[PDB]
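Okay, so here's the structure we're looking at.
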Amino acid sequence: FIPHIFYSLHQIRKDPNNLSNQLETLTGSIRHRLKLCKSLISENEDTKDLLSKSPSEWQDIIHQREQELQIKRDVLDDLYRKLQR
Amino acid sequence: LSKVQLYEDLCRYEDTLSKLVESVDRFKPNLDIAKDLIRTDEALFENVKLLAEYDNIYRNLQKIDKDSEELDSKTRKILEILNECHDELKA
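Sequences listed follow chains A and B, in order. Numbered according to the numbering used here, the first sequence spans residues 1391 to 1475. Numbered according to the numbering used here, the second sequence spans residues 3 to 93.
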């Protein structure tokens, strides 16, 4: 998503042009691209910056996940031990 | 402010454009506009970039979580088998 937001913003930066029927078709896309971009920003997974969550939190969730990993793997070895036994 | 400011700029960007493009009124010389529509775009890009680290941590958290679920899956998968064996043996 963050990548699609970058590529999206990229295409919009490159869009502006001429006037007339064109001027409208060029400004119509710019209006849709602005919607699309705002939706992507909304859908960005809660990283830092409060889009999803701050940084302090992101670090906590990572430590919490690593700990649960160690555990779920201890469970996994036990489950396998027994199956094998 | 990354996200918040990122959302304000987009607003004022569409504003400035709409004026420049004549949807809304603006005086004839109207370069201030064109200049703004470039400062804002640069600000957005800069702001978006500064946001990458945040979205990367998220990328990590997604990995971790995917793993965690996969593992719990394998454990479940084994418990099933035990029960299935138990069936073939009991019922």
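The beta carbon of each residue, even a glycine, is placed where N, CA and C say it ideally should be.
How many Å lie between residue 172/B and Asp11/B at the Cα?
-> Outside the shown range of chain B (3 to 93) lies residue 172/B, about which nothing can therefore be said.
Looking only at its own chain, which residues have a Cβ that is under 7 Å from the Cβ of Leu1426/A, when we skip the five neighbours before and after it?
-> By one-based count along the first sequence, residue 1426/A stands at place 36. These residues qualify, in order along the chain: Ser1398.
Roughly how many angstroms lie between the CA atoms of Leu1413/A and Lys65/B, to the nearest whole one?
-> Here residue 1413/A is taken as the residue at index 23 of the first sequence, counted from 1. Here residue 65/B is taken as the residue at index 63 of the second sequence, counted from 1. Taking the straight line from one Cα to the other gives about 45 Å.
If you measure from the beta carbon of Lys68/B to each beta carbon in chain A, is any gap under 7 Å?
-> For the purposes of this step, residue 68/B is taken as residue 66 along the second sequence, with counting starting at 1. Chain A, which has no Cβ nearer than 7 Å to the Cβ of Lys68/B, makes this no.
Interface residues of the segment 1429 to 1453 of chain A facing chain B [CB-CB below 8 Å] | Within the segment 1429 to 1453 of chain A, those residues whose Cβ lies closer than 8 Å to any Cβ of chain B are, in chain order, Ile1431, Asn1434, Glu1435, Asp1436, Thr1437, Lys1438, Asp1439, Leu1440, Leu1441, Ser1442, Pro1445, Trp1448, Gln1449, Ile1451 and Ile1452.
Since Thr1415/A meets chain B, which of its residues come closer than 9 Å, beta carbon to beta carbon?
-> Stepping through the first sequence from its first residue, residue 1415/A is reached at position 25. Taking a Cβ-Cβ threshold of 9 Å, none of the residues of chain B is close to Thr1415/A; the smallest such distance is about 12 Å.
Three-state secondary structure assigned by DSSP to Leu1441/A = Position 51 of the first sequence, counted from the start, is the residue given in the question as residue 1441/A. Coil, per DSSP.
Buried/exposed call for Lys68/B, threshold 16 Cβ in 10 Å | The sequence position of residue 68/B within the second sequence is 66, counting from 1. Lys68/B is exposed by the Cβ-count criterion.
Could you check where the alpha helix (DSSP H) with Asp69/B kicks off and where it finishes?
-> Numbered from its first residue, the second sequence carries residue 69/B at position 67. Following the DSSP letters along the chain, one finds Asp69/B inside the alpha helix (DSSP H) bounded by residues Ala54 to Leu91.
Excluding five sequence neighbours on each side, which residues of the same chain lie with their C-beta closer than 6 Å to the C-beta of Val50/B?
-> Mapped onto the second sequence, residue 50/B falls at position 48. Around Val50/B: no qualifying Cβ.
Neighbour list for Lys1462/A in chain B, Cβ cutoff strictly below 8 Å | Translated into positions along the first sequence, residue 1462/A becomes position 72. In chain order: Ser70, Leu73, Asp74 and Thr77.
Use the C-beta contact count for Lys1472/A: other C-beta atoms within 10 angstroms, 16 or more gives buried, fewer gives exposed.
-> Here residue 1472/A refers to the residue found at position 82 when the first sequence is read from its first residue. Label assigned to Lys1472/A: exposed.
Give a yes or no on whether the C-beta atoms belonging to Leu81/B and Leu1466/A are separated by under 7 Å.
-> For the purposes of this step, residue 81/B is taken as the residue at position 79 of the second sequence. For the purposes of this step, residue 1466/A is taken as the residue at position 76 of the first sequence. Not a contact, by the Cβ cut-off of 7 Å.
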